[PDB]
């Protein structure tokens, strides 16, 4: 009913601008983003199959946090799947978890109305 959710996308830095535009059409008014790092770990054979090394790899990643209540989660995740999908790795992932409370500081209101 008055449920609030956070949608967190971690993805490569591109079409952020296309996303901002489509997420706007569907009801999103504000979001947060940060520049951070991604790291790929793969198991690899050391030469001669003697052992295993962990191939480490580092990337630049965008992280986007969007808390919502009235805009349904299926609609954020589905429009983001859409502008960000390319078929190549670095397309990223979306994490959804739930928010007990939201507080609007400039206006003191709480719960689903503070968004």
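Positions refer to the first chain, counted from 1.
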*11-19 or 91-99, whichever carries the higher mean Cα B-factor*: 11-19
*Which third, lowest, middle or highest, does the CA B-factor of residue 82 fall in along this chain?*
middle
*asked:* Taking only the Cα B-factors deposited for this chain, tell me whether residue 60 sits in the lowest, middle or highest third.
replied: middle
*Against its chain's modelled residues, does residue 37's Cα B factor rank lowest, middle or highest third?*
lowest
_Using only modelled residues of the chain, where does the Cα B factor of residue 26 rank: lowest third, middle third or highest third?_
lowest
